[PDB]
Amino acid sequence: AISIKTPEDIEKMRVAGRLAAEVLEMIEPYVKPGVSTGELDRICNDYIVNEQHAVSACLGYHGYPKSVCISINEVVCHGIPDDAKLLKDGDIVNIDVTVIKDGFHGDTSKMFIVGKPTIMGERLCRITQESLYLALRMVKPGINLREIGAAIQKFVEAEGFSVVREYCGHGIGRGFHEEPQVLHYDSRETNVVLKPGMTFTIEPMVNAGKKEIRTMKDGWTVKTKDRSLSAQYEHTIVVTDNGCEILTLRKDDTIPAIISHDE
């Protein structure tokens, strides 16, 4: 039975979502050729703890050792910040930030392209963000999550890309992952009719090549099986009476925070 957040809960999620977005805005000037992912993670954790007075939800989660996930190129998700891993020209990099503030979580991620983009990296990132945005435009009471997942998948596949099956968006609130699962592809098992006050993420992982993935022996890092590039963007939202409100919007987003479907 899916959680419905109160107005007071939603305001706390606005606060936490803003913090998560602000980590991404803060880190941008540091994402440059030559920086290590270990350094980026320290900058993020110091900011979260010392400036935001918040906590990373990733740190210690199932034993995860770092504060943000940083995934480069063929890494799909859960990449571990490493002092030895240096960013370089052409890399596509996801930074995924989840913070807890006043008991509530905010969860967001974006791609950064380092130095001169490669055209395929830029296209993959663009299509991935566009797939998130088309899903966000669909969210309103009465729509089924199945329709949203199906639409993401059709859009991505038409570009010759694929959707990763093993990971999904999620309800979010006092818990990091709550009901429902938010699949980014069509499934007969999905039957969730949205209601005002539901809060969840949408966070498609899109591969340039085939959909299959592999987890590395570190038990964390996930890569494309074919070593094709993979990209992801994520926002946390609340369903409103006539659409949704994005809780993790950044200045560089190009979709409005409040989406209304009323006349």
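The first residue of the shown sequence is 1; numbering continues from there.
On average the C-alpha atoms of 162-170 have higher B-factors than those of the other stretch, with 124-132 and 162-170 being the two compared.
Comparing 86-94 with 175-183, the stretch with the higher mean C-alpha B-factor in the PDB entry is 175-183. Residue-level inspection of the entry shows that, of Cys69, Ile27, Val206, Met216, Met216 has the top Cα B-factor.
Among the modelled residues of the chain, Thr254 sits in the middle third by CA temperature factor in this PDB entry. For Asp102, the recorded CA B-factor ranks within the highest third of the chain. Only modelled residues enter the ranking. Annotation for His235: C-alpha temperature factor in the lowest third relative to the rest of the modelled chain, per the entry. Remark: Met13 belongs to the middle third of its chain, ranked by C-alpha B-factor as recorded.
For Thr108, the recorded CA B-factor ranks within the lowest third of the chain. Only modelled residues enter the ranking.
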